[PDB]
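Only one chain is given next, in structure tokens, and it is the form deposited in one PDB entry.
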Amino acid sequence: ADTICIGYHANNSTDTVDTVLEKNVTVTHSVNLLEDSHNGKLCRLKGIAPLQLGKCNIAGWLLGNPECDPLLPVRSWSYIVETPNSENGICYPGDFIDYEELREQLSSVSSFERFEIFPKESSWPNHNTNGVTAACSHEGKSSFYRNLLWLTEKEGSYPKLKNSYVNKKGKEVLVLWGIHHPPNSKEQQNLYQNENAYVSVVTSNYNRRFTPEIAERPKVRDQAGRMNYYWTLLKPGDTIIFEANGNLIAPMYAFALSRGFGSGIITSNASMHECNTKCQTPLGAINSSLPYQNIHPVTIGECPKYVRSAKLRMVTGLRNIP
């Protein structure tokens, strides 16, 4: 006699999923939700290449450490890459004050204009501007930071100075400067004339007076003196004023900042290729529609959500029983 049977699909699938009641159920159809593949490359993001600091770090870059000269013309970037070798930073020893905050600020900068805030020949008429140091050597000559200017006595005198810059860039301007602390009083006298010298820096939302601390520190890069490095953000339309009768390492170049969201600083061992991505990790770029990934918690762009999971597979079909 004739028959009809009701039944369900089976196929050759070997994919498995877990449920709460049962592990490793073989199923006819399923989909992986966890991305574990990346291309092992640093890529452009939305077309724009990252800034590779190489053997330089952020401090070497923004002060203009002469070892970092290849970075000087770069104006825009999609993220910033340091490496475990990013070591060339300050070259004349001292401390960089609020460095972590500066790195945090830079993480939302997408481009800047490097400009001459105090032109070297016209800004400091009665001071020498040519001071260099063997601690910042370049091509076998004593040199100095490309964005700062060492002011010293001229003809035996270091008269009180006052210079100011009005921010007409329509953008925040990042100003860096330094304070020099000689190791002894004759260096103080030789460099700056005035034994009891001061520096002050003033904006509408920043004010600090600096007094040098004369003392012999252990030698670092052959230097017994020290140089501390400072920064502030000058708001649009504000004025910054520098006053000193010694010890000021003056700004020469500053940075008009353009903000963007989604940038950041990462550390990476990967190599730059000519590729483009929507999602970069320090291990490689991700090109995926999957909702989750277990590749890396550090992400630039628009990336799957990081989880610690080893497997996330959703069944769509049914128990496979061929």
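Numbering starts at 1 and follows the sequence shown. Rigid core: the largest C-alpha set superposing within 1.5 Å between the two forms.
Omitted here: the form deposited in another entry. The next part is about that form.
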property: Core-aligned C-alpha movement of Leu72 between this form and the one not shown, 2 Å or more; result: yes
property: Cα distance between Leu72 and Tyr229, which in that other deposited form differs by 3 Å or more from this form, closer or farther; result: farther
property: Distance direction in that other deposited form for the C-alpha atoms of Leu72 and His180, relative to the displayed form (3 angstroms or more); result: farther
